[PDB]
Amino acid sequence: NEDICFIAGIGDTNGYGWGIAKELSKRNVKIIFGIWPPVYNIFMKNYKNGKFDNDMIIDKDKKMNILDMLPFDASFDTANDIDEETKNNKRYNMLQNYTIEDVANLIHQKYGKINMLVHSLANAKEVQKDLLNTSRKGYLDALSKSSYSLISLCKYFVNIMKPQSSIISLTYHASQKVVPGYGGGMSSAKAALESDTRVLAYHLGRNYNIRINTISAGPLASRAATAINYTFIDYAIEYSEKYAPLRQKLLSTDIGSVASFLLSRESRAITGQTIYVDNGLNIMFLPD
C-alpha cells in the first residue's frame, strides 16, 4: 500500500530510468517521472500519442502504470537559483515547480510522503574531451549536474520521505579504473558520487533511518550514451558481451530488478554501497 517512487532522469524508453520504472511497476510501486525541460514536451507528446505503449507492456498480462510526470531540472536547488535567462527560455517559460525543492514540495502536496527515490541522470558539457583537456567550467558542470544533484535531491527529499526509505543512483566503473573516452570529468563526477554515497549513507542512516546505495551499471545503448561519440557505446557493449563472465545482452530491466531490490525492505541492511550490475565485467583484469 503506497510504495511511491520518484525517478529523476527519464527522457524516453531507451535508458536505465525506464528499465527501473518497469521493474518497480511490476511490483506495484507507483511511479512519478521527473523529466528534464529540454525533452519534457516531446516526451509528453510521444506518451500521449501512444508511442510508448509497446514499451509499457510488462508481461502482456500487466502494463506499466505511471502516477505522474513532472518537469524537473536537477541543476536548480530552489526557485531562487534559476537565472532569468533559463526562466524565460523557450523550453522553460511555460513550466513551473521544476527545481529540486519545488518538485519535492509539489509531490508532497499531491501524494504525501514517498518511500523510494531514484537519481538516474548525468550531464557534462565536455564529455567528448579527455580529462586533461577539460576546462574548469566543463569539469564543474559535470560535478554540478552529475554528483551535486544527488546531494541536493537527498537534502530536499528526506523531508518528504518516510523513515526506512531508500535512495539509489547510477554510476559507472570509469570512477575506479581508466576508461578512455569517458571524458569531460564524468569519471571524476562518478568517483565523487560513489564517495558521496557513503557519506550520505552515514548522515541519512543516523538522522533519518534512510538508506542510500548506487548501482554501477554496465553499458546500455541509451540516448545519453551516444553523446559520448561504431561509437564509444558500441565498442563498450561489444567488449562487455565478449569478455564478461556472463556473455548475454545487458538489459535496462536487469538494472531495474536490482534497483527494485535495493529500494525495497528486502535490502534493509545494505547502505552506502556501490553495487555492480554489469554481468561481472568489473572483476576481469586480462581478456582472453
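Residues carry their position along the shown sequence, with the first being 1.
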property	result
Chain break class at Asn229/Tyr230 - deposited residues not modelled	10 or more
184-192 or 72-80, whichever carries the higher mean Cα B-factor	72-80
Average Cα temperature factor in the PDB entry - higher stretch of 43-51, 23-31	43-51
Selection by C-alpha B-factor (highest) of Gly205, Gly218, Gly138, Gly112	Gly112
Residue of maximum C-alpha B factor among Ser120, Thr197, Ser149, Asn88, per deposited coordinates	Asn88
Chain third (lowest, middle, highest) by recorded CA B-factor, residue given as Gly256	lowest
CA B-factor ranking of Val127, expressed as a third of its chain	middle
For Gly15, the third of its chain into which the C-alpha B factor falls	middle
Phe157 CA temperature factor, ranked by third within the chain	middle
Third of chain Cα B-factors occupied by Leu286	highest
